[PDB]
Amino acid sequence: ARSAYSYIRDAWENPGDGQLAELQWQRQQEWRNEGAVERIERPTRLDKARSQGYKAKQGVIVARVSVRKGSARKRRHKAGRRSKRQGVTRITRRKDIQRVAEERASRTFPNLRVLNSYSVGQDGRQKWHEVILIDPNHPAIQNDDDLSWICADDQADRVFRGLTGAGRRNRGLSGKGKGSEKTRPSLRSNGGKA
Amino acid sequence: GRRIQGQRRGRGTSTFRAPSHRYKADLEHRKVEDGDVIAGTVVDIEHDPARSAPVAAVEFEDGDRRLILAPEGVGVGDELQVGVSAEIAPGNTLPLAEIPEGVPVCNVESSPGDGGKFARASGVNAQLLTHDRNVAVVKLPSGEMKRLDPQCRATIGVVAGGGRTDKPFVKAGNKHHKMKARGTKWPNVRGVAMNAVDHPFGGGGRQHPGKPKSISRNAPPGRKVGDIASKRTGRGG
Amino acid sequence: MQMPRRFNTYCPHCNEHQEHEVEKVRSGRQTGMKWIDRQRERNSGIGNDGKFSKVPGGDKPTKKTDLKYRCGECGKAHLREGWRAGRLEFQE
Amino acid sequence: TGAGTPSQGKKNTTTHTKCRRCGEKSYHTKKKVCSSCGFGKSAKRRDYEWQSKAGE
RNA sequence: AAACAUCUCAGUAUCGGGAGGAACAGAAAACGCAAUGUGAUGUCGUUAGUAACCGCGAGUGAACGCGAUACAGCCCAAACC
RNA sequence: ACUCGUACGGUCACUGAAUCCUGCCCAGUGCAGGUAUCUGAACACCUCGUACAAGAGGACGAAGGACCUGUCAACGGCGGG
RNA sequence: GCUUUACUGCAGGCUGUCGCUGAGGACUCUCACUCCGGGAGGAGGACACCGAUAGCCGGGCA
Ligand SMILES: [Cl-]
Ligand SMILES: [Cl-]
Ligand SMILES: [Cl-]
Ligand SMILES: [Cl-]
Ligand SMILES: [K+]
Ligand SMILES: [Mg+2]
Ligand SMILES: [Mg+2]
Ligand SMILES: [Mg+2]
Ligand SMILES: [Mg+2]
Ligand SMILES: [Mg+2]
Ligand SMILES: [Mg+2]
Ligand SMILES: [Mg+2]
Ligand SMILES: [Mg+2]
Ligand SMILES: [Mg+2]
Ligand SMILES: [Mg+2]
Ligand SMILES: [Mg+2]
Ligand SMILES: [Mg+2]
Ligand SMILES: [Mg+2]
Ligand SMILES: [Mg+2]
Ligand SMILES: [Mg+2]
Ligand SMILES: [Mg+2]
Ligand SMILES: [Mg+2]
Ligand SMILES: [Mg+2]
Ligand SMILES: [Mg+2]
Ligand code: NA
Ligand code: NA
Ligand code: NA
Ligand code: NA
Ligand code: NA
Ligand code: NA
Ligand code: NA
Ligand code: NA
Ligand code: NA
Ligand code: NA
């Protein structure tokens with residue numbers, strides 16, 4: 001039969017309807033008063049967290065991060081620029097908000113490593129994402145066959161190098177075929193053309 | 001060109017800042033739980049560097065010693081009172097509602113409890129006109145009719161120091177000394193006396209504004225100079 | 001100048017002289033779906049839009065004759081070279 | 001007053017000094033910042049790619 | 001580009017953040033010599049200055065495939081406990 | 001920032017002590033107010049088109065403009081016959 | 001470098017629209033949101049702010 005989890009998931013398909021709607025209307029009031037990075041005891045979306053690698057276990061951490069909505073916060077040019085480069089208003093960053101959130105969280109927990117993240121809504125001026133981080137130095141995790149991979153030395157600061165799921169999709173690596181000529185194996189090896 | 005003087009201002013550098021560290025007190029009404037049992041005694045009358053007008057030191061029953069926006073006719077020894085039950089005499093502060101119309105008022109709050117915002121300069125005063133259970137109409141020194149919450153506190157009387165504007169400065173030096181006590185760049189160089197690079201009116205073989213002085217409300221900073229959104233100019237008609 | 005609305009002449013379709021009807025070519029409406037239309041939308045952005053920032057040329061003192069010749073029997077039309085004409089009016 | 005020789009006489013102020021971190025006489029004692037290694041400003045050592053030819 | 005605005009120089013110079021002895025990528029919601037076909041990913045040779053872009057100007061510019069190098073495939077979430 | 005400030009304030013400009021004074025001009029330009037009517041973008045709405053979509057048109061119409069007015073110690077003007 | 005009713009654009013201002021945003025062509029309310037208040041609570045209120053987009057102005061700047 002349906003897992004209880006399927007009900008959490010099912011509710012988040014429409015965060016604007018039913019109970020979830022009223023719940024969000026309430027929570028955001030408190031969230032808007034919390035910091036930029038708030039560690040939380042439990043994922044707001046269990047099914048999603050668990051689906052992304054979460055586990056009720058020592059060394060597993062979750063944190064809700066708030067990030068502003070919109071385009072790049074850019075300063076107008078202070079020297080000569082051809083029209084093409086005189087823009088300010090329509091310029092958007094190449095890193096999506098979710099990735100920005102994942103980075104702010106990781107910096108907050110210097111010792112932890114980002115495992116994944118998911119969205120938990122937004123109001124008119126900010127978006128909230130919950131990030132799952134892992135303690136690569138805790139034996140509880142070092143002895144976990146489903147997570148100890150994140151303990152390896154080459155997984156250090158993985159979020160800052162775009163090795164995150166959100167980091168990889170944002171890098172245009174989803175497609176294995178047509179369209180990923182200038183993304184795989186890396187954006188940089190392809191002369192930054194994607 | 002270069003940013004105009006008006007633009008250098010906003011950065012809040014030393015030249016444009018007020019000598020705050022040299023000011024005495026942030027004149028605001030007291031906060032009373034309620035009742036009115038708050039009365040104090042004028043201990044001294046001091047000079048307020050930020051307003052070129054006198055201010056009075058007052059010791060309150062509950063040991064609190066604070067400077068206050070002093071109205072005309074208040075001396076050492078006098079007893080002032082602040083609250084709903086405050087008496088109706090010069091220097092006492094109480095919500096507009098409790099104030100009898102026709103009475104000149106000063107240091108009027110815009111929102112109840114904000115400590116006072118209107119009518120605070122030398123010799124000016126507000127004029128409570130209408131009452132109501134909803135709105136208290138007051139006439140501000142500019143002549144405007146202001147609808148205020150009757151719960152807004154105010155001080156009875158006109159601000160002290162009246163008539164200061166009556167005497168001319170006579171000389172640059174006097175302006176200078178006063179100006180030194182304010183957040184302002186002085187003296188003033190006319191735009192038309194500058195180079196084009198420095199001001200929209202700069203340049204030319206002779207001095208004159210290069211265009212009409214009346215500028216739109218929508219003009220951007222760096223260009224909004226001269227007569228801002230003037231509804232008219234001159235003295236004609 | 002003046003010009004007959006109808007007259008006998010060669011119809012390149014019937015391949016034989018027949019009465020034709022002369023008419024001025026009315027402009028057809030654009031659809032905004034040609035490749036150029038797509039390039040305009042796609043290539044216009046921040047700053048100058050190259051060719052898409054250019055604006056409509058001008059006018060020659062007199063324009064050339066822009067007519068359609070319709071075969072009176074097979075109903076098909078053909079085009080001809082035009083000649084400079086300040087004004088062109090038909091007769092009947 | 002000339003901006004040259006006559007204005008050189010007032011120069012008896014101490015600014016840049018031997019830096020505790022890098023040893024270069026670049027520690028601005030007024031700003032408490034080394035113009036050479038970044039001491040006082042950055043935990044990381046001051047360095048720029050323009051300090052050498054681009055392809056080197 | 002014999003001016004110059006899109007274009008070009010160039011995603012270059014330079015700047016911010018970070019990993020490793022190598023990084024990154026990686027076991028198809030692929031390819032599409034259309035097939036009764038291929039079979040994770042890098043890289044090298046080629047495909048090819050071809051397709052594609054472009055005041056359709058000047059310029060710009062791949063991929064599949066093929067020949068090679070080296071080869072390696074797996075773990076969760078959930079169902080049921 | 002102005003601002004420990006509040007129109008007897010302080011911002012933006014012009015003229016430049018005193019004395020006697022400071023005429024005429026609102027057409028243009030500027031600013032400001034008003035505006036039946038005209039003009040006026042996008043979203044949503046209606047029609048046609050498309051099993052969808054592109055697209056064409058309609059209705060509605062903000063600021064702004066047209067139009068009217070105020071204003072020269074506003075830019076400036078004060079001729080020929 | 002500077003100017004402007006040169007060309008082309010870019011900030012900025014005004015204005016419509018969408019999101020935040022809710023209850024019963026004009027209107028009431030309160031629960032988001034904003035502000036005043038130490039607090040209780042008051043004022044404002046689905047507007048304003050902020051995000052997005054559209055038209056006008058736009059040598060302030062390139
Ligand atoms: Cl990380
Ligand atoms: Cl003054
Ligand atoms: Cl014709
Ligand atoms: Cl194949
Ligand atoms: K260039
Ligand atoms: Mg590589
Ligand atoms: Mg104060
Ligand atoms: Mg004066
Ligand atoms: Mg000063
Ligand atoms: Mg002057
Ligand atoms: Mg000069
Ligand atoms: Mg200028
Ligand atoms: Mg003069
Ligand atoms: Mg003059
Ligand atoms: Mg453009
Ligand atoms: Mg010098
Ligand atoms: Mg050239
Ligand atoms: Mg050419
Ligand atoms: Mg290129
Ligand atoms: Mg291919
Ligand atoms: Mg297992
Ligand atoms: Mg002079
Ligand atoms: Mg506040
Ligand atoms: Mg220029
Ligand atoms: Na970290
Ligand atoms: Na690309
Ligand atoms: Na001038
Ligand atoms: Na494109
Ligand atoms: Na050249
Ligand atoms: Na040149
Ligand atoms: Na081009
Ligand atoms: Na073959
Ligand atoms: Na006039
Ligand atoms: Na006028």
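Values reported hereafter were calculated over all heavy atoms of this structure, with side chains retained and with hydrogens, waters and symmetry mates removed. First the proteins, then the strands, lettered A, B, ... as listed; each starts at 1.
As judged by a 4.0 angstrom heavy-atom cut-off over every strand, A:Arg76 is placed among the base-contacting residues. Among the atoms of the strands shown, only primed sugar atoms or phosphate atoms (P, OP1, OP2) are found under 4.0 Å from some heavy atom of A:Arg32. Within 4.0 Å (heavy atoms only), C:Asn43 reaches sugar-phosphate atoms of the nucleic acid but no base atom. Note on B:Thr233: a base of the nucleic acid sits closer than 4.0 angstrom, heavy atoms only. Among the atoms of the strands shown, only primed sugar atoms or phosphate atoms (P, OP1, OP2) are found under 4.0 Å from some heavy atom of B:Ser111. Nucleic acid contact class of B:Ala219 (heavy atoms, under 4.0 Å, all strands): none. Within the 4.0 angstrom heavy-atom criterion, no nucleotide atom of any strand lies near A:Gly175. C:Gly47 comes within 4.0 angstrom of sugar-phosphate atoms only, judged by non-hydrogen atoms across all strands, and of no base. Nucleic acid contact class of D:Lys44 (heavy atoms, under 4.0 Å, all strands): sugar-phosphate only. Contacts of A:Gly70 with the nucleic acid, taken as non-hydrogen atoms under 4.0 Å apart, involve only primed sugar atoms and P, OP1 or OP2. Using a 4.0 Å heavy-atom criterion, one finds that B:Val159 contacts no nucleic acid atom at all.
Residues B:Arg30 and B:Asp62 are paired through a salt bridge, judged by an N-O separation under 4.0 Å between the basic side chain and the carboxylate. Classification of B:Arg2 and B:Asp198 as a salt-bridged pair holds, one side-chain N sitting under 4.0 Å from a carboxylate O. Taking a cutoff of 4.0 Å between a charged side-chain nitrogen and a carboxylate oxygen, C:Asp49 and C:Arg40 do not qualify as a salt bridge. A salt bridge links B:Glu46 with B:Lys24: at least one charged nitrogen is closer than 4.0 Å to a carboxylate oxygen. Using a cutoff of 4.0 Å between basic side-chain nitrogens and carboxylate oxygens, A:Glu181 and A:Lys193 are not scored as salt-bridged. A:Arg113 has no carboxylate O lying under 4.0 Å from a charged side-chain N of A:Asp157, or vice versa, which leaves the two without a salt bridge.
Of the candidate nucleotides E:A62, E:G17, F:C8, E:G17 has the atom nearest to the side chain of A:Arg161. Ranking G:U8, G:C2, G:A62 by closeness to the C:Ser53 side chain, first place goes to G:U8. The A:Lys176 side chain lies nearest to E:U41 when the options are E:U41, G:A62, F:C12. Nearest nucleotide to the side chain of C:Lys51, out of E:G55, G:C50, F:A73: E:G55. For A:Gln86, counting side-chain heavy atoms from C-beta on, the closest listed nucleotide (G:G51, F:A7, G:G9) is G:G9. With E:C9, F:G9, F:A74 as the candidates, the nucleotide lying closest to the side chain of B:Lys178 is F:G9. Checking G:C14, E:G61, E:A25 against the side-chain heavy atoms of A:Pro185 singles out E:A25 as nearest. Side-chain atoms of B:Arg223 lie closest to G:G58 of the nucleotides E:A62, G:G58, F:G55. Picking from F:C4, F:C14, E:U6 the nucleotide with the shortest atom distance to the side chain of B:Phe201 gives F:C14. Taking only side-chain atoms of B:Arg190, from C-beta outward, the nucleotide of F:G55, F:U15, F:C31 with the closest atom is F:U15.
Phosphate contact (OP1/OP2 of E:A25, side-chain N/O of A:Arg171, threshold under 4.0 Å): present. A close approach under 4.0 Å does occur between a side-chain nitrogen or oxygen of A:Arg82 and OP1 or OP2 of E:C7. For F:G5, neither phosphate oxygen OP1 nor OP2 lies less than 4.0 angstrom from any side-chain nitrogen or oxygen of B:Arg182. In terms of phosphate contacts, A:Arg68 brings no side-chain nitrogen or oxygen within less than 4.0 Å of OP1 or OP2 of G:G51. Contact annotation: A:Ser83 reaches the phosphate of E:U6 (side-chain N/O to OP1 or OP2, under 4.0 Å). Look at A:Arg184 and you'll find a side-chain N or O under 4.0 angstrom from OP1 or OP2 of E:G26.
The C1'-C2'-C3'-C4' torsion of E:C9 is positive. Its sugar is therefore classed as north. Judged by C1'-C2'-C3'-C4', the furanose ring of F:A7 adopts a south pucker. Nucleotide E:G21 shows a negative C1'-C2'-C3'-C4' value and thus a south, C2'-endo-like sugar.
By the Watson-Crick or G-U wobble test, with both distances required under 3.5 Å, E:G45 and E:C66 count as a base pair. Pairing between E:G61 and E:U41: absent (Watson-Crick or G-U wobble, both distances under 3.5 Å). Applying the 3.5 Å cutoff to both bonds, E:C53 and E:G59 register as a Watson-Crick or G-U wobble pair. Taken as a pair, E:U12 and E:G21 do not qualify under the rule of Watson-Crick (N1-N3 plus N6-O4 or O6-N4) or G-U wobble (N1-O2 and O6-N3), both under 3.5 Å. Between E:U60 and E:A52, both key atom distances fall under 3.5 Å, giving a Watson-Crick or G-U wobble pair.
The closest side-chain heavy-atom distance from A:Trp12 to A:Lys48 is not below 4.5 Å. Residues B:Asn107 and B:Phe118 are not in side-chain contact: their nearest non-hydrogen atoms beyond the backbone lie 4.5 Å or more apart. Between B:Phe169 and B:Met179, every side-chain heavy-atom pair lies at or beyond the 4.5 Å cut-off.
Stacking annotation: E:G65 and E:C66 stacked (six-membered ring centroids under 5.5 angstrom, interplanar angle under 30°).
Taking the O4'-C1'-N9-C4 or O4'-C1'-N1-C2 dihedral as appropriate, F:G61 has a value within 90° of 0 and is therefore syn. In this entry the base of G:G59 is syn relative to its sugar, with a glycosidic angle within 90° of 0.
Comparing B:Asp114 and B:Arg3 by the nucleotide of RNA chain G whose heavy atom lies nearest to each, the residue mapping closer to the 5' end is B:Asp114.
Taking atom P on both nucleotides, F:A42 is separated from G:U30 by 40 Å, rounded to a whole Å. Spacing between G:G51 and G:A11 at atom P, rounded to whole Å, works out to 14 Å.
One can place NZ of B:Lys171 at 18 Å from P of F:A18, the figure rounded to the nearest angstrom. Rounded to whole Å, the distance from CZ on B:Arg232 to P on F:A74 is 10 Å.
Checked by distance alone, A:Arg94 brings a side-chain donor or acceptor within 3.5 Å of a matching partner on the base of E:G11.
Taking every heavy atom of both residues into account, A:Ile134 and A:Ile150 meet most closely at CG2-CG2, 3.8 Å.
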Please, what dot-bracket string fits RNA chain F when only Watson-Crick and G-U pairs with both distances under 3.5 Å count, crossing ones use [ ] and pairs to another strand use |? ......................(((..(((((((..(((.....((((......)))).....))))))))..)))))...
